[PDB]
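One structure is given here, and the rest of the page talks about it.
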Amino acid sequence: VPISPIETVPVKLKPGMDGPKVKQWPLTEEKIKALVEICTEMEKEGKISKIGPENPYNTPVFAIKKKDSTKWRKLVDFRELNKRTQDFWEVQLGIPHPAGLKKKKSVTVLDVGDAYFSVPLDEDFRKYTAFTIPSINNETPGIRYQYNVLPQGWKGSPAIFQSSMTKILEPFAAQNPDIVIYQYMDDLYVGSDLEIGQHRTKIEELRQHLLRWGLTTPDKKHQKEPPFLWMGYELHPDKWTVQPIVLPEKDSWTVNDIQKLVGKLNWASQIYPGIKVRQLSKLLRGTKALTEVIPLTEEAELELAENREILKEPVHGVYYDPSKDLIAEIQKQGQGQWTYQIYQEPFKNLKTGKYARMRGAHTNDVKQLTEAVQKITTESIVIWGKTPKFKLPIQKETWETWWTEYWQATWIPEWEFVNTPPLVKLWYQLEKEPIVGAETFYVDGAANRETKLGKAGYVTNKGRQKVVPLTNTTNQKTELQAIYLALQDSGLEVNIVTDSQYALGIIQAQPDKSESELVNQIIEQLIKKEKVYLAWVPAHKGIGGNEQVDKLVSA
Amino acid sequence: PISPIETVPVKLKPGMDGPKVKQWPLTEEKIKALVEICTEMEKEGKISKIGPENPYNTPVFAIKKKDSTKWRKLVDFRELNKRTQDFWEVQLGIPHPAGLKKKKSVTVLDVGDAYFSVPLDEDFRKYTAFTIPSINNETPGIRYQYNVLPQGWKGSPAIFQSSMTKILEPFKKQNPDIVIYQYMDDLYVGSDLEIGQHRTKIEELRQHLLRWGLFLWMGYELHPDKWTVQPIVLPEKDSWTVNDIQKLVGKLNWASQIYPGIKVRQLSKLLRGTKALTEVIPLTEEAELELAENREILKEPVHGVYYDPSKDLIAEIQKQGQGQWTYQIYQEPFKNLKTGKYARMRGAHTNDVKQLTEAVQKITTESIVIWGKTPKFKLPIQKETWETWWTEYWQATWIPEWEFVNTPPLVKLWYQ
Ligand SMILES: COc1c(C)cc(/C(=C\CCCc2nnc(C)o2)c2cc(C)c3oc(=O)n(C)c3c2)cc1C(=O)SC
């Protein structure tokens, strides 16, 4: 019969600050009757206790009557006490992901919400939860009260509640390896793969173990139906999915009309293959006010239409099985978009997703795939505790040629080539040594800082030359225009000498798509060529050719 | 039976708060190894569980040293360290032994376990908080706290500095010329002997430290060699092509920022005029005289280049290809205090990130031996890639600071 206590957790207010000193709000006659009634039973139970005039601390108190519901409930306002309490280790950061669960033959739910108050508070802190109950017509002193348990709405109540619930369950979960118990607020989820008879048997051992500390649970009835709804998901005995994602059939799409459809499509994207949100996010990436009817690009209409074909036929994801291997497949969608499906068995996806390129000036496919892969590796470690084996759209030879020559250290975990629709590849490859028999083009460009007038040209070893005038340009643009002129007038194999550190940087990164049409034109030219050798020489010193063109492009 | 009856008073830096660094995801095998390790440290009372009133947190993970395949627990105390009162012992901080880098042979010893025999200051134990993560946020994280001196902390070596001194007198009084230095959980022993009588002399210091109440069986052997700063050389050919001279002028034009006396006028003259890149250009009288004068300037040392203890060290690393890497250490641009070329080794020649990570570790070690402190690195890899793999190949008990360079250096070869 003797129940053992629940160790108290020493608490403290922020260093240098004091307790709260807020005034009480003048309540109406009816309300006061409610509060007095409430505070009466609560004092009986143990929840609170009356205090003398010593306690200088006071916290506002209200009472609200839930519309179309009998009786009321007090609501203490700890807004101020919270801003003066220390910090706690919030272990309530993020929840599990369905796809990481493993099916169970039986699964029960216990409601431990009733034990949120059976958890004592720190003695030397109770004096901070003081509050006053104004009396009728204020012709008497209001009744004072202080808490002896975890207040509903205090900063560290959840934190203290969870830590204590754990310590108690610890011994049990240790001596019952055949059962699993997830803890999350007012609900305890227990499950196990065994006889439906023996399951409800061990459930009682739990209910009874919780008894040894006093904690009691409301056990009776049966809330069974596969349509388990939890944190936005829809769990079933052996599959899951997102709650019905309804695509607003509206005509006038304001800011929140799309922005609330962005966060909503991203949610659905963890299981429906193909969702796209690029053309949509690019419509409110920089808009004014919270809402505003903004016209949708023609591109944000053809994908949103492919959303109603993907979001047409409900799709379901399975559950994780430790024994089978874990595979990951990636696909290239375009405009810097990629999709991935993770699974163990063909067509039985555990989950799915997308990757968006990082906003940059230049970029290439291989760099993006790596980024997408590192992102899937980290997500899998989080959900399954291990790195999946990859199936990618890139030949083994293409990868080796790349890593061995990239100026950076790079790496991809174990993987295999999959011959699907498109194929990531290298568009062009620069030589390491000059080409014998190829014409040599000495290029140069330059602009006037004020007039914005520049020239871009070149001279070769065969006597060919050219200089073109430009208006409204910088030095950087002129140096690129010059590389381009050479690439257009040269044959299949060519040697190019420049003094532009700026140009060399753009090209040694080996981009295959860019924001600047000038860089894109260069790419197109590099692709048609068979061998291009790009060499650099210091500026404003006698290198010649670069020194001769440099003169023609100046003044 | 070594255990101080008292503890040394420790506090954080004037007006600074404890660490609150987030713990990153770990693989399921690493989780099981940390659970086993921590289950035993708790019984040995080295650590203890803590409640939620503790908001402080420091990262933590699992590696494996050189020999032993058994898991080891490494705690990242970087944040805690810079916030920790730079211990200013009343007896000063051992003036770094400038004799360590001149010694022909140095050996590194892991006397980490000697720290766990000394209690930590009660009012600080809450700053060493760390969590053992759980897969899929299924269960709440196991939380702990250190009771002894934590390996990886910048204070553990200093606090233990007093006991360490006398544990070494019966050896330091015997062998005068031997130089001993300490950093973190490492002990560095240099000498001028030979591998025969150097390797055995270490076994002597091993049993000796074993009789004073003390992974206590590892050691790494290294030899600080020639050229603190490698010279810069110019090709020596008999026939030059326009391309060859074009790269020469580029290299000299770069060296000149280092050595002001270099001249490239007479060499640029051969270049005036648009000529094919693979054509041979005869050197002129003046050309060869200048190439001769420049070659001499490069033989001599750089202008007065000194080390400033107040400022911090920078470390650049270039990827040369085929398992080769180059590097330089410095405080001021164009005033290297050290340059080198870490070559191929166990990188399987297929893993770029494993090599880089071994290079970083190797350059750090050397750095501790010359100036007694680690350098700030500028790694040639995307931040994302590095943060995803580094830990799978790390083996040192300390961790340096680092940043990422995203612009391809124009000099990927003048350092070759
Ligand atoms: C059996 O597969 C499961 C299914 C299908 C559903 C759930 C439920 C929530 C999942 C979130 C809790 C969690 N996180 N990690 C873990 C671990 O569990 C859930 C939810 C509600 C509202 C329920 O109302 C009910 O009456 N039941 C029975 C409910 C069950 C758990 C599992 C398990 O495997 S756990 C034992």
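Order determines the names: the first chain of the structure tokens is A, the second B, and so forth; residues in each chain are numbered 1 upward, and ligands are numbered 1 upward as they are shown.
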Residues of chain B within 7 Å of chain A, only C-alpha atoms counted, as a compact mmCIF listing (two decimals) with C-alpha atoms, in the first residue's frame:
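Listing of selection-v7.txt after writing:
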```
# COMPACT_ATOMS: atom_id res chain seq x y z
CA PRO B 25 23.03 12.19 -35.55
CA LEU B 26 25.09 9.02 -35.05
CA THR B 27 24.94 5.59 -36.70
CA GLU B 28 23.33 2.76 -34.80
CA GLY B 51 18.08 15.76 -14.62
CA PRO B 52 16.50 18.36 -16.95
CA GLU B 53 17.49 21.32 -14.77
CA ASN B 54 20.70 21.02 -16.79
CA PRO B 55 20.48 22.97 -20.10
CA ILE B 135 17.60 6.43 -33.23
CA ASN B 136 14.57 8.21 -34.70
CA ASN B 137 13.88 10.27 -31.57
CA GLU B 138 12.15 7.12 -30.29
CA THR B 139 13.41 7.46 -26.76
CA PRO B 140 14.58 10.57 -24.92
CA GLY B 141 18.35 11.08 -24.88
CA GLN B 246 54.68 31.71 -70.22
CA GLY B 250 53.74 33.37 -64.13
CA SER B 268 58.76 38.99 -70.93
CA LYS B 269 60.60 40.36 -73.97
CA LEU B 271 57.16 36.70 -75.18
CA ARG B 272 56.20 39.90 -76.98
CA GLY B 273 54.63 38.82 -80.27
CA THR B 274 51.88 36.36 -81.08
CA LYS B 275 53.53 32.99 -81.56
CA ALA B 276 52.23 29.44 -81.48
CA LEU B 277 52.29 27.91 -77.97
CA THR B 278 54.40 24.83 -78.81
CA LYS B 319 44.99 19.01 -53.68
CA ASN B 351 38.79 8.22 -50.97
CA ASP B 352 39.51 11.95 -51.12
CA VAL B 353 37.96 12.81 -47.80
CA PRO B 380 39.41 22.69 -49.99
CA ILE B 381 36.07 20.86 -49.62
CA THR B 385 30.52 17.08 -47.56
CA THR B 388 28.99 14.44 -43.20
CA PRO B 408 39.64 27.52 -57.01
```
Contacts to ligand 1 at 10 Å cut-off (only C-alpha atoms and all ligand atoms) as JSON, numbers by chain: {"A": [95, 96, 97, 98, 100, 101, 102, 103, 104, 105, 106, 107, 108, 109, 110, 179, 180, 181, 182, 183, 184, 187, 188, 189, 190, 191, 192, 193, 222, 223, 224, 225, 226, 227, 228, 229, 230, 231, 233, 234, 235, 236, 237, 238, 239, 240, 319], "B": [136, 137, 138, 139]}
Can you tell me how far atom CA of residue 76 of chain A sits from atom CA of residue 213 of chain A, in Å to one decimal?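 Atom CA of residue 213 of chain A lies at a distance of 27.6 Å from atom CA of residue 76 of chain A.
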Measuring between only C-alpha atoms, which one of B:110, B:124, B:177, B:64 shows the shortest distance to residue 12 of chain B? B:124
What parts of segment 260-507 of chain A does DSSP call helix (DSSP H, G or I)? I'd like the answer as a VMD selection string. chain A and resid 260 to 268 278 to 281 299 to 302 307 to 310 365 to 384 396 to 405 475 to 489 501 to 507
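Residues with any atom within 9 Å of residue 259 of chain B, counting only C-alpha atoms and excluding same-chain neighbours fewer than 2 positions away, are residues 255, 256, 257, 261, 262, 297, 298, 302 and 303 of chain B.
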If we count only C-alpha atoms, what is near residue 65 of chain A at a cut-off of 12 Å, once residues fewer than 3 positions away on the same chain are taken out, given as a PyMOL selection string? chain A and resi 30-31+34-35+62+68-75
Residues as selected, N, CA, C and O atoms, written as a compact mmCIF listing (two decimals), in the first residue's frame, can you do that?
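The resulting file, result_39.txt, is shown below:
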```txt
# COMPACT_ATOMS: atom_id res chain seq x y z
N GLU A 30 -19.93 36.06 -10.85
CA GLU A 30 -20.14 34.66 -11.20
C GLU A 30 -18.83 33.90 -11.23
O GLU A 30 -18.71 32.81 -10.67
N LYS A 31 -17.85 34.49 -11.90
CA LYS A 31 -16.53 33.90 -12.03
C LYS A 31 -15.94 33.54 -10.68
O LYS A 31 -15.46 32.43 -10.48
N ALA A 34 -17.06 30.43 -9.23
CA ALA A 34 -16.46 29.30 -9.93
C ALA A 34 -15.09 28.99 -9.33
O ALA A 34 -14.83 27.88 -8.86
N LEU A 35 -14.22 30.00 -9.35
CA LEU A 35 -12.87 29.87 -8.83
C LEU A 35 -12.83 29.37 -7.40
O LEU A 35 -11.97 28.57 -7.05
N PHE A 62 -7.58 33.70 -14.20
CA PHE A 62 -8.85 33.90 -14.88
C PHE A 62 -9.63 32.61 -14.81
O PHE A 62 -9.19 31.62 -14.24
N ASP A 68 -20.67 26.10 -24.94
CA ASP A 68 -21.44 24.86 -25.06
C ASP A 68 -20.84 23.72 -24.27
O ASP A 68 -20.73 22.60 -24.76
N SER A 69 -20.43 24.03 -23.05
CA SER A 69 -19.84 23.06 -22.13
C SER A 69 -20.12 23.55 -20.71
O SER A 69 -19.96 24.74 -20.41
N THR A 70 -20.56 22.64 -19.85
CA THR A 70 -20.89 22.96 -18.46
C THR A 70 -19.65 23.12 -17.58
O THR A 70 -18.60 22.54 -17.85
N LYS A 71 -19.79 23.91 -16.51
CA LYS A 71 -18.70 24.16 -15.57
C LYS A 71 -17.60 25.03 -16.20
O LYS A 71 -17.64 25.33 -17.40
N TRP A 72 -16.63 25.44 -15.39
CA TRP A 72 -15.51 26.27 -15.84
C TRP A 72 -14.19 25.65 -15.41
O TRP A 72 -14.15 24.59 -14.78
N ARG A 73 -13.10 26.33 -15.76
CA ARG A 73 -11.76 25.90 -15.37
C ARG A 73 -10.88 27.14 -15.22
O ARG A 73 -10.89 28.03 -16.08
N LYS A 74 -10.15 27.21 -14.12
CA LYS A 74 -9.29 28.36 -13.88
C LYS A 74 -8.12 28.33 -14.83
O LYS A 74 -7.71 27.27 -15.30
N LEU A 75 -7.57 29.50 -15.10
CA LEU A 75 -6.44 29.60 -16.00
C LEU A 75 -5.44 30.61 -15.46
O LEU A 75 -5.62 31.81 -15.64
```
State, in Å with one decimal place, the distance from atom CA of residue 7 of chain B to atom CA of residue 399 of chain B.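 It comes out at 26.5 Å.
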So which residues of segment 123-297 of chain B fall under strand (DSSP E or B) by DSSP, listed as a VMD selection string? chain B and resid 130 to 132 142 to 146 148 179 to 183 186 to 191 219 to 222 241 280
For residue 400 of chain B, please output as a list in words all residues within 7 Å (counting only C-alpha atoms; exclusion window: fewer than 4 positions along the same chain). residues 374, 375 and 376 of chain B
Selected residues written out with C-alpha atoms, as an mmCIF file, in the first residue's frame:
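again-v4.cif written:
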```cif
data_model
loop_
_atom_site.group_PDB
_atom_site.id
_atom_site.type_symbol
_atom_site.label_atom_id
_atom_site.label_comp_id
_atom_site.auth_asym_id
_atom_site.auth_seq_id
_atom_site.Cartn_x
_atom_site.Cartn_y
_atom_site.Cartn_z
ATOM 1 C CA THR B 374 46.982 23.998 -33.303
ATOM 2 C CA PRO B 375 46.356 26.034 -36.490
ATOM 3 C CA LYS B 376 43.115 27.333 -38.064
#
```
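For residue 475 of chain A, the list of residues within 8 Å, based on only C-alpha atoms and with local chain neighbours fewer than 3 positions off taken out, reads residues 445, 446, 447, 454, 478 and 479 of chain A.
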Which is closer to residue 285 of chain A than all the others in A:393, A:255, A:553, A:145, using only C-alpha atoms?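 Looking at the shortest contact to residue 285 of chain A, the residue is A:255.
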Extract, using only C-alpha atoms, all DNA, RNA and protein residues at most 10 Å from residue 231 of chain B, discarding same-chain residues fewer than 4 positions from it, and format them as a ChimeraX atom specification. /B:227,298-302,339
Segment 11-94 of chain A near segment 115-122 of chain A within 12 Å: what's each residue's closest atom pair and its distance in Å to one decimal, counting only C-alpha atoms, ordered by chain then ascending residue number, as a Markdown table?
```
| residue | atom | partner | partner_atom | distance |
| --- | --- | --- | --- | --- |
| A:11 | CA | A:122 | CA | 6.4 |
| A:12 | CA | A:122 | CA | 9.2 |
| A:42 | CA | A:117 | CA | 10.6 |
| A:45 | CA | A:118 | CA | 9.8 |
| A:46 | CA | A:118 | CA | 8.9 |
| A:47 | CA | A:117 | CA | 7.0 |
| A:48 | CA | A:117 | CA | 10.4 |
```
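Candidate residues B:24, B:71, B:130, B:153 were compared for distance to residue 86 of chain B, and the nearest is B:153, using only C-alpha atoms.
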Between B:29, B:284, B:202, B:415, single out the one closest to residue 233 of chain B, counting only C-alpha atoms.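 Once distances to residue 233 of chain B are computed over only C-alpha atoms, the minimum belongs to B:415.
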